[PDB]
Student: 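What follows is a structure written as structure tokens; I'll ask about it next.
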Amino acid sequence: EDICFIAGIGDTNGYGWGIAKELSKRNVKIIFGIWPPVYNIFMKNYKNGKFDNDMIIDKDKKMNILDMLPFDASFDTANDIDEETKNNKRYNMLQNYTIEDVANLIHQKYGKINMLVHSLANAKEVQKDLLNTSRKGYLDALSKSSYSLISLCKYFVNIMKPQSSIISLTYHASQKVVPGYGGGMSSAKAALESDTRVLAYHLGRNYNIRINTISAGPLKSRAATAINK
Amino acid sequence: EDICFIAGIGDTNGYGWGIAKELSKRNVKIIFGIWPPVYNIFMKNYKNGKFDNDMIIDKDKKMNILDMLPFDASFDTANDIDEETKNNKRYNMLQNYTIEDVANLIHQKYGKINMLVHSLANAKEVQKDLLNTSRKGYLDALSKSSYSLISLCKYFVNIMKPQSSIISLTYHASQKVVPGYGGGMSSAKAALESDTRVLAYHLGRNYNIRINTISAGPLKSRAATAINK
Amino acid sequence: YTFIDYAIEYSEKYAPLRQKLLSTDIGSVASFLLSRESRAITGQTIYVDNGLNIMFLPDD
Amino acid sequence: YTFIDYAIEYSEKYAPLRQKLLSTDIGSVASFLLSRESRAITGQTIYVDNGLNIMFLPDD
Ligand SMILES: NC(=O)c1ccc[n+]([C@@H]2O[C@H](COP(=O)([O-])OP(=O)(O)OC[C@H]3O[C@@H](n4cnc5c(N)ncnc54)[C@H](O)[C@@H]3O)[C@@H](O)[C@H]2O)c1
Ligand SMILES: NC(=O)c1ccc[n+]([C@@H]2O[C@H](COP(=O)([O-])OP(=O)(O)OC[C@H]3O[C@@H](n4cnc5c(N)ncnc54)[C@H](O)[C@@H]3O)[C@@H](O)[C@H]2O)c1
Ligand SMILES: Oc1cc(Cl)ccc1Oc1ccc(Cl)cc1Cl
Ligand SMILES: Oc1cc(Cl)ccc1Oc1ccc(Cl)cc1Cl
């Protein structure tokens, strides 16, 4: 029984969906981690059948989603939630969306998993070039897009079976310069790739868990459309 | 129907065999390319049932071998073989073992194939460090271990279906130095890895064929033992 | 005409493999890395970009 | 004591994944690269070495 948690799904036009689509081909149970801000709109679209066609697997089957949970990669534990968001319009009617909370939530409902997918990224100032990115914007990119992978591993390794596997997505902008990919995203991806190596060592030696990162090519996804350059 | 040609099998202790074993799990037909010097000894052991236990594929499957042909990677065409090797005790009774001839042979008996594996390497002066390797020894290592891949591609691309895939094996000694890996083998692997990129361009653009190389870890194969260091 | 449209057009023209990169192309690769078929691979950055990353100077 | 024994021993003690590297470990990865499941990967050097290559300084 394979269960995979995919953190970073907001629709069917991103890589998260492509990964979920291929995993279910192999009958693995899928759990989605949806960023609170778009969680309701996502459930609405799902409920009204907007994704029915996108859920049909080649072999003439229905993609099987075990569960869909609100999840924000910028909060590690319950006490990390600031009062501003704590009372935000989109968060109020939601709960248990921190990294540790969904880890406990998933474990409480489905037991241990053996597949983890980090498929998210964010950066307040992605529209500015590296030189004009502020300290706050830079740290925001690394927090959401890089550290989020480390925190995920730290809390989820507890609910994972030995020999389980973890992947994340990165982009070549970390190694070669592509103008337009600003706001510290290139910095975050460069850290993601390096951390993947270091984490491979700690997770490999201590838990026999593997971790790798996929450097993908261009895909016209929602986030991709947001890079005005 | 998938047909894979594996070049570089002299026993069941190398990577070529592990590749064949895994390929049969997926039901792809396997054609072995055996170096003449060990061709007869391989057939002998095979016929007398020495590899019977090694052909067992977990799910009570028996590794199915389509054909077993003599193959020497140092000869591109029939008129490249010198009189000496042509009359040598081990070659005399064999024929059509050059790269061009096996390609025409396979295409004639089975038509087009869609999988090519380059699992071979050799160097006369592997026991000497790079600095003390002669021009002859060095060129020998590159001719046998690197050019053989370019040649396999040139002749086999004509008997391969579009979207077919090609792989070869390399070693980290090409990027980082490891004393003991001499005779220009580190050089040969550096070339192979570089040529894999260039060939990926030509093969990709023209024939829509893919080519990658696997950098493997340490395996106690027959050839591994020959590295007296 | 937007960053992503440029990158996509550039990829489809200069990458070794001139084909449309689908989200499921990354999916099948993810699927393989998450299974036990890849038990010996870890701490790696695997490129799934039709090979664009290996190019230096484009044809045009 | 022979180059290969040293290489194997060093790999099994310092690699991120401490397990014996089997010929079929490379085989399965080879099987994946040869199939259409990896239609978007080309020109790459894929490491199947239990992650040894990512290490710089050994523990002890
Ligand atoms: N599209 C491409 O061309 C491309 C290329 C290479 C790498 N990538 C990477 O693929 C991954 C997924 O991106 P995508 O392009 O499929 O876009 P996508 O927009 O579908 O997915 C990114 C998701 O991250 C979520 N997100 C943002 N902040 C979050 C937070 N704090 N907590 C949780 N979720 C949060 C969003 O809801 C969004 O669905 C990213 O890591 C991206 O860098 C994408
Ligand atoms: N064993 C390892 O530890 C190791 C590690 C990394 C990479 N590799 C690579 O794996 C590949 C296969 O090596 P292996 O280690 O499994 O050893 P192996 O000894 O089983 O295979 C090499 C084969 O090449 C054949 N050969 C030599 N010259 C030839 C020629 N002119 N024409 C055709 N065949 C010829 C030999 O008969 C032999 O079977 C090589 O390319 C090697 O560089 C091996
Ligand atoms: O990494 C990416 C690379 C490319 Cl070519 C296109 C889109 C990408 O994805 C992002 C870029 C910026 C921000 Cl803020 C969030 C995400 Cl998900
Ligand atoms: O590439 C290799 C790397 C390692 Cl660690 C062990 C064996 C290898 O394989 C060879 C080394 C030298 C020669 Cl002459 C022929 C072959 Cl097949």
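What you see below is based on every heavy atom in this structure, not just the backbone, and it leaves out hydrogens, waters and symmetry mates. Residue numbers begin at 1 in each chain, while the letters A, B, ... track the order of the sequences. Counting convention: from 1, in listed order, for ligands and their atoms alike.
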Student: Can you tell me the protein heavy atom closest to atom 3 (O) of ligand 1 and the distance?
Tutor: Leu219(A) N, 2.7 Å
Student: Less than 4.0 Å between a side-chain N and a carboxylate O, is that true for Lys86(A) and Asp82(A)?
Tutor: no
Student: Ignoring angles and geometry beyond distance, decide whether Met185(A) reaches within less than 3.5 Å of ligand 1 through its nitrogen or oxygen atoms.
Tutor: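 No, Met185(A) has no N/O under 3.5 Å of an N/O on ligand 1.
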Student: Mark up the atoms of ligand 1 that fall under 4.0 Å of a heavy atom belonging to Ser74(A), in ascending order.
Tutor: 31 (N)
Student: Please list, in number order, the atoms of ligand 1 under 4.0 Å from a heavy atom of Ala121(A).
Tutor: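 Per the distance check, 24 (O), 27 (C), 40 (C), 41 (O), 43 (O).
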Student: Should the proximity of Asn122(A) to ligand 1, defined as any heavy atom under 4.0 Å, be assigned to the side chain, the backbone, both, or neither?
Tutor: side chain
Student: Counting distance only, does the side-chain N/O of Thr24(D) pair as donor-acceptor with the main-chain N or O of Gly27(D) below 3.5 Å?
Tutor: no
Student: Does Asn212(A) reach the main-chain N or O of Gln44(C) with its side chain, forming a donor-acceptor pair under 3.5 Å?
Tutor: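 Yes, the answer is positive, given that a donor and an acceptor are paired below the 3.5 Å cut-off.
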Student: Just go through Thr225(A), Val126(A), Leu219(A), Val178(A) and tell me whose heavy atom is the nearest to atom 12 (C) of ligand 3.
Tutor: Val126(A)
Student: Who's the nearest protein heavy-atom neighbour of atom 3 (C) of ligand 4, and how far?
Tutor: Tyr181(B) CE1, 3.4 Å
Student: Using a 4.0 Å heavy-atom cut-off, which part of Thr170(A) comes near ligand 3: side chain, backbone, both, or neither?
Tutor: neither
Student: Just to confirm my output: which protein heavy-atom neighbour is closest to atom 20 (O) of ligand 1, and how far is it?
Tutor: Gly14(A) CA, 3.4 Å
Student: Which of these passes ring-ring contact (aromatic ring centres under 6.0 Å, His included) with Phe71(B): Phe42(B), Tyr39(B), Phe32(B), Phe5(B)?
Tutor: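 Considering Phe42(B), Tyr39(B), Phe32(B), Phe5(B), a ring-ring contact (aromatic ring centres under 6.0 Å, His included) with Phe71(B) is found only for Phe5(B).
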Student: Checking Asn132(A) side chain against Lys128(A) main chain: does a donor-acceptor pair fall under 3.5 Å?
Tutor: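 Not confirmed, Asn132(A) side chain does not pair with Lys128(A) backbone.
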Student: According to the interplanar angle, ranging from 0 to 90°, do the rings of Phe75(A) and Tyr91(A) count as parallel (below 30°), tilted (30 to 60°) or perpendicular (above 60°)?
Tutor: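 Taking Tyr91(A) first and then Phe75(A), their aromatic rings stand perpendicular (interplane angle over 60°).
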Student: Judged by atom type as modelled, is there a donor-acceptor pair below 3.5 Å linking the side chain of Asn50(D) to the main-chain atoms of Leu52(D)?
Tutor: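 Between the backbone of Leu52(D) and the side chain of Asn50(D) there is no qualifying donor-acceptor contact (under 3.5 Å).
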Student: When only distance counts, is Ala223(A) in polar contact with ligand 1, meaning an N/O pair under 3.5 Å?
Tutor: yes
Student: Using distance alone, with no hydrogens and no angle criterion, decide if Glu193(B) and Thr213(B) have a side-chain donor and acceptor under 3.5 Å apart.
Tutor: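 Short answer, no.
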Student: With a 4.0 Å cut-off on N to O distance, would you call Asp140(A) and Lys136(A) a salt bridge?
Tutor: no
Student: Under a 4.0 Å heavy-atom limit, does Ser221(A) contact ligand 1 with its side chain, its backbone, both, or neither?
Tutor: side chain
Student: Nearest to atom 4 (C) of ligand 1, what protein heavy atom do you find, and at what distance?
Tutor: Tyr15(A) CE1, 3.5 Å
Student: Using a 4.0 Å cutoff against the non-hydrogen atoms of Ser119(A), which atoms of ligand 1 qualify?
Tutor: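 Near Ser119(A), meaning under 4.0 Å from one of its heavy atoms, ligand 1 has 11 (C), 12 (C), 21 (O), 22 (C), 23 (C).
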Student: Between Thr170(A) and ligand 1, find which residue part has any heavy-atom pair under 4.0 Å and reply side chain, backbone, both or neither.
Tutor: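 The part of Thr170(A) near ligand 1 is the backbone, not the side chain.
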Student: Which of the atoms in ligand 1, numbered in the order shown and given with their element, are less than 4.0 Å from a heavy-atom of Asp72(A)?
Tutor: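 Near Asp72(A), meaning under 4.0 Å from one of its heavy atoms, ligand 1 has 30 (C), 31 (N), 32 (N).
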Student: Of all the non-hydrogen atoms in the protein, which one sits nearest to atom 10 (O) of ligand 1, and at what distance?
Tutor: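 Protein heavy atom at minimum distance: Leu169(A) CB, 3.5 Å.
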Student: Return the closest protein heavy atom for atom 34 (N) of ligand 1 as residue, atom name and distance.
Tutor: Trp35(A) CB, 3.6 Å
Student: When you look for heavy atoms under 4.0 Å from ligand 1, do you find them on the side chain of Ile34(A), its backbone, both, or neither?
Tutor: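 The answer is neither; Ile34(A) stays 4.0 Å or more away.
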Student: Are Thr98(A) and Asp80(A) close enough, and set up right, to give a side-chain contact (heavy atoms from CB on, under 4.5 Å), and what steps lead you there?
Tutor: CA-CA 8 Å; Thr98(A) 65; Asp80(A) 288 307; over 6 Å; no
Student: Looking just at side-chain N and O atoms, do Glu9(C) and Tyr1(C) make a donor-acceptor pair shorter than 3.5 Å?
Tutor: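 A pair is found: one side chain offers a donor N or O, the other an acceptor, under 3.5 Å apart.
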Student: Within ligand 1, which atoms have a heavy atom of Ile9(A) less than 4.0 Å away?
Tutor: 39 (O)
Student: Please could you name the atoms of ligand 4 that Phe3(D) approaches to less than 4.0 Å, counting only its heavy atoms?
Tutor: 5 (Cl)
Student: Quick test of your reading of the model: are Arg222(A) and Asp11(A) salt-bridged, counting only N-O distances below 4.0 Å?
Tutor: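 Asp11(A) and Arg222(A): not salt-bridged.
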Student: Can you name the atoms of ligand 1, numbered from 1 with element, that are less than 4.0 Å from a heavy atom of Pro218(A)?
Tutor: 3 (O)
Student: Nearest protein heavy atom to atom 32 (N) of ligand 1, by residue and atom, and its distance?
Tutor: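 Nearest neighbour among protein heavy atoms for atom 32 (N) of ligand 1, to 0.1 Å: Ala73(A) N, 2.7 Å.
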Student: Check whether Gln127(A) reaches the backbone of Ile227(A) with its side chain - one donor and one acceptor, N or O, closer than 3.5 Å.
Tutor: no
Student: What atoms of ligand 3 come within less than 4.0 Å of a heavy atom belonging to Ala121(A)?
Tutor: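 Taking each heavy atom of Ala121(A) in turn, ligand 3 has 15 (C), 16 (C), 17 (Cl) under 4.0 Å.
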Student: Using a 4.0 Å cutoff against the non-hydrogen atoms of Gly10(A), which atoms of ligand 1 qualify?
Tutor: 39 (O)
Student: If you have a sec, work out which protein heavy atom is nearest atom 14 (Cl) of ligand 3 and how many Å separate them, to one decimal?
Tutor: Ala123(A) N, 3.2 Å
Student: Would you mind checking which non-hydrogen protein atom is closest to atom 11 (C) of ligand 3, with the distance to 0.1 Å?
Tutor: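 For atom 11 (C) of ligand 3, the nearest protein heavy atom comes out as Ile227(A) CD1, 3.6 Å.
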Student: Looking only at side chains, do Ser151(A) and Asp76(A) share a donor and an acceptor under 3.5 Å apart?
Tutor: yes
Student: Assess whether a salt bridge exists between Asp5(D) and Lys220(B), defined as any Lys/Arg side-chain N lying under 4.0 Å from an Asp/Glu carboxylate O.
Tutor: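 Result for this pair is yes, salt bridge flagged.
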Student: To which protein heavy atom is atom 13 (C) of ligand 3 closest, and what is the distance rounded to 0.1 Å?
Tutor: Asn122(A) CA, 4.3 Å
Student: Over 60° means perpendicular and under 30° means parallel, so tell me whether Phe3(C) and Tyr181(A) are parallel, tilted or perpendicular.
Tutor: tilted
Student: For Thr77(A) and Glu100(A), test the side chains for any donor-to-acceptor distance below 3.5 angstrom and give the result as yes or no.
Tutor: no
Student: For atom 6 (C) of ligand 3, what is the nearest protein heavy atom, given as residue, atom name and distance?
Tutor: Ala224(A) CB, 3.8 Å
Student: Tell me whether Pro218(B) reaches ligand 4 (any heavy atom closer than 4.0 angstrom to a ligand atom).
Tutor: no
Student: Using a 4.0 Å heavy-atom cut-off, say whether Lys189(A) meets ligand 1 through its side chain, its backbone, both or neither.
Tutor: side chain
Student: Would you check whether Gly33(A) reaches within less than 4.0 Å of ligand 1, judged by its heavy atoms?
Tutor: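 In this structure, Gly33(A) fails to qualify as a contact of ligand 1 - no heavy atom is under 4.0 Å.
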Student: Counting only N and O atoms by type, is there a donor-acceptor contact under 3.5 Å from the side chain of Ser194(A) to the main-chain atoms of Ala190(A)?
Tutor: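 Checked: no pair found.
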Student: Among all protein heavy atoms in this structure, tell me which lies nearest to atom 17 (Cl) of ligand 3, with the distance rounded to 0.1 Å.
Tutor: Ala223(A) CB, 3.4 Å
Student: Looking at atom 21 (O) of ligand 1, what's its closest protein heavy atom, distance included?
Tutor: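 The protein heavy atom lying closest is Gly8(A) O, 3.7 Å.
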Student: Can you tell me which residue and heavy atom of the protein come closest to atom 24 (O) of ligand 1, and the distance to 0.1 Å?
Tutor: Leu120(A) CB, 3.3 Å
Student: Using a 4.0 Å cut-off to any heavy atom of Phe71(A), which atoms of ligand 1 qualify?
Tutor: 32 (N), 33 (C)
Student: Does any N or O in the side chain of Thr133(B) come within less than 3.5 Å of the main-chain N or O of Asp129(B), such that one atom is a donor and the other an acceptor?
Tutor: yes
